[PDB]
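By written order: A, B, C, D, E, F and G. Residues from 1 in each chain.
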């Protein structure tokens, strides 16, 4: 069945970060890994995220949001950083494990 | 922002000691009696209990030698608060303020002045109004009338309870029947703040985009309201049980629910 | 930074004014009064509080 | 040139044990340090008291 | 127990040559040899060869930059990349017991580079550095400008990434450069200190970027130019050459011997070179200290020959002139049948000495196995060296004096002469 | 297997001539070879008045002998394709030749003719005098050696070892045909010399050719006895040659070493193997295994750094050297001293296991060719009195473990007053006192 | 040699240096007090209550 898919889409809409025009990955808290991850993003993706983020902040300061039309649709939310971030973590765990041996 | 936060907890603790000793100064029924019950609590600490209390009291019971050292403490602590506030803001400035969306705000920062100097001066008058309205129209709306009676060691008031801002913990104190456990529970009720940073499981910083965590948050608030209320009522049914219930939900929410719902939330985002 | 004494927002302060602080090599005993005045102060406040509590 | 450079004579200041340029200074080291440290360890004890 | 083994040397379908030689040394030294280098660069990707050289410790598909370094170090291993304008060698060293371990990384580096955009991006500023320490030797500065004045392409291409291109090379360029040059028919898996079967089993059942000759280097076209760098140094370096002999050519041995007859380096510490006509001739001309030598390079499809001279500024004129007269004087039959015999022997020795070094051997062995597929016996290379007439030498000499000369100099050249003044 | 390849390494033959000289060599199947005489002489053996002679001598050792003057001597060697090289340190001098095994004997002759009959032509001296004088000016600009000199200059201040191998400016300006002659006649003697060789040479054919040109016999018992040197006293101290005009700063720090004979030297080496070395051109960069190297990279602490265990007959220097920019000297030093402390208090088996392999590979590479082997034979005898084979070294290295590295380093580094030398724009590096305290508590 | 030994067992390791300062203090107190009290009393023979106490000590 599609239970898991029903839930996710629900939570995705429940969270509501898409009303700001942000993408799942735009909301990631910038801890050590996410930091390295971002540095690896190709310039075009970096600049775009930056605009998105800056735009979201401006909405926040304005106490507004984007018109329904412009909201990020669950199925079109691009996971632009996730791939990078995973390797960044793969790498770390390797080092962490190796320095132990 | 761990260090900003940890100094913060220290400010709270300090403010408590300060406001506690302050309240004894007018030496009224409640001043004295509250001081006698609250300070005696430590007597439950094993072996070094009684000693530590009689030391603090400067004698065998709250008497003149206490009143003086409290006045001393009360005059002192505020200044320590001021000092520590400087440290608080010092750590704070390392990172800069956080913001409602919880995402890096470097792409859009503004000079404190005039934006926030103005915004704060506005928020100052917005709150200051109710403060003055109260302080001037309903002066004793919050104070126990029992404190208009000079302290008298031969008349225990019917219901000895601390100031409102303490009730919530006084409540958790009576939840655990056992002089010792209840003290610790009290201590933990506030010291728990030091753990918050280590109980953050969400991949996001704020709760702006975490509806689950949000109700959990407002639940907890409501929970504190009830605890406050319980603290104000006597120790009898149905209060006693509601008390223990609220006290339990308090620690459960901060120690188990929050971090758990946090993790669950990550899976629902496909993280 | 490598050592905590310099990076930490607080130790950094204690360091730049009591540990790695540049001092002339030829100052005499007449410069000892700054510190004394300081100690002198902490001592008054300590004994003072103690007295105020009675 | 650096070849024309030599360390002055510290005989005026050297301790008795490291006075002779032909005797291993290591043998008297534990003594020289043991003393100074002994002085220090004592200052602590006094202070502690 | 351990004795005399015989240098084996297979060759697979795709053309990948595998040389090997067990000399029972307590330590090994495997190495991938390749037909690549700044020679194959185009105005559009200059430096990519260089950067590639520095990029050896970046992540691969089977090992991470972290594991590659930590891994090799865990067993006292070593990993290095040496390269000329037309050859790149990737070799590693370690103790017999850890070859199989060090091998993986070696394999990974040469046939599985990922050249991640970031890793690369953060590596490029290095060129600025690596290039700055090398140019501390004026010796290297003139040679770069030499090839520049000696050619119009292929070889004229600098060995160190040109300044303007630093930080402009791309992962693609690195990838392409590799896919087009590091092809099985341009590679050799030479390996001293191992059993041939073992080294073979690695190559085949492991190496996968393959087949073909890929991009082909344009013919080295001679120019005959003159580049002069006025910088102010009290010492002037100068090099005057002429198209010389190629590798694998018969006219090769001729120049080497002429080289030694003229003088190729001192053999006595702080000593004068009497056997060095060039050194000796110059010595009778100038009074202040200097140095002069017979410069000789042999490349795949061309070569360079002439002399090289480090001298005081004011006396750069006298020193270069001399080095010349001494070259013409050689062409005008000024060579003794003995001079030729002395040379031939210095050459034989020098050759034989520059092979004791495990590195020197692995290098000699591989060079052939790449531009040939064979191993010329030591008695043969000798039988080939002495078999050089007195004439042959005087002929080489002629060629230099007749051919078009290209010079390259650097320093306070105020008194140094131009190519058309010799 | 590694193990076997070691056992199968041919032995080093050592036989002593009735006159006291020792002839040693390792025979391989190699057509070329290296033979030479390694001497127990050097600046240490000099004194205030002749300091530099051994070097001035080095400058003339090749300018011809009595039997065959300059032109001839040079011409006779070049023409056979042989390479003649040599050097001189504080406690060791050596002249060696690289030529085909076929000339092993004619070589031996030449050698003996150099050490025994140096021309010392009055006219040559006055020239090499101007030459050496310039070599000093060129070396004066090599901060790395200007530093190690100063290091010694103070680590052994007031003693024989505190002298530069090249010597004073005065000493070189006035040394005489006599003093030089005297030095040779006083120091270059059979019992203190070793004719070593390696390549495709027959010990016999060698030893035979030895007795032939090294015949000079001794009569008295004194002539058979090698003189023991008055020892040098170490001193925890510092010397700071400042010059903000130099682009980078050079720092060297060290405690006293144990001396050739001591076994601990093996562990000490295993130790430095852990700290190792760095230099901006190491590609490993941030992943290098050496903690100091990493920090160096992560924090741009320096341009390079090296650990060393310079040994001597009765003493030594165990420390490190680094080149840094004026503003990163302190962090660098700070981190460095950190690692030394880490050695003493918390070394890991993982660390040593590696350090060992790195060391093994090191010893093996020290014997890469004939000159290097010959240099090892010429030295082992002169210092250890015999030859230590890789087979042995390995066993001594294999036996080292963490617990062991700790104890030793503690024994030689912990809470010891070190000798320090700084050159350049060293303002940020400061106070001996502070540095002294970096000598304890990890 | 005590200075040598002392150094080795007491002053070399920071941990033992501390242990010495403590135990050293504990013993120093005990002895410095007794001694000074002793000195003070002899310097004041027959003046302290401790001295004349016996005269009225009779329950």
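By our rule, a contact is a pair of C-beta atoms (placed from the backbone, for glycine too) under 8 Å apart; a residue touches a chain by one contact, two chains touch by 3 or more.
Which protein is which chain? UniProt says B = Cytochrome b.
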By Cα-centroid distance to the whole-protein Cα centroid, the innermost chain is F
Computed over C-alpha atoms, the centroid farthest from that of chain D is that of chain A
Two candidates, E-F and D-F; the one with more touching C-beta pairs is E-F
For the pair chain A and chain D, the C-alpha centroid-to-centroid distance in angstrom is 64
Between chain D and chain E, the Cα-mean centres are separated in Å by 57
Whole-Å distance, C-alpha centre of chain B (Cytochrome b) to that of chain C, is 34
Where chain F touches two or more other chains simultaneously, the residues are 415
Within chain A, the set of residues that touch 2 or more other chains is none
Chain pairs satisfying touch are A-B, A-E, B-C, C-F, D-F, D-G, E-F, F-G
Given the complex, residues on chain F that touch chain D span 136-137, 140, 146, 149-150, 153-154, 157-159, 162, 164, 166-170, 230-235, 237, 239, 241, 256, 415-417
Interface with chain F, chain G side, in the complex: residues 12, 14
As the complex stands, chain B (Cytochrome b) meets chain C at residues 3, 58, 65, 68-69, 72, 75-76, 87, 90-91, 94
Chain E contacts chain A in the complex at 64, 66-67, 70, 116-118
Residue positions on chain A within touch of chain E in the complex are 39-40, 42, 91, 94-95, 98
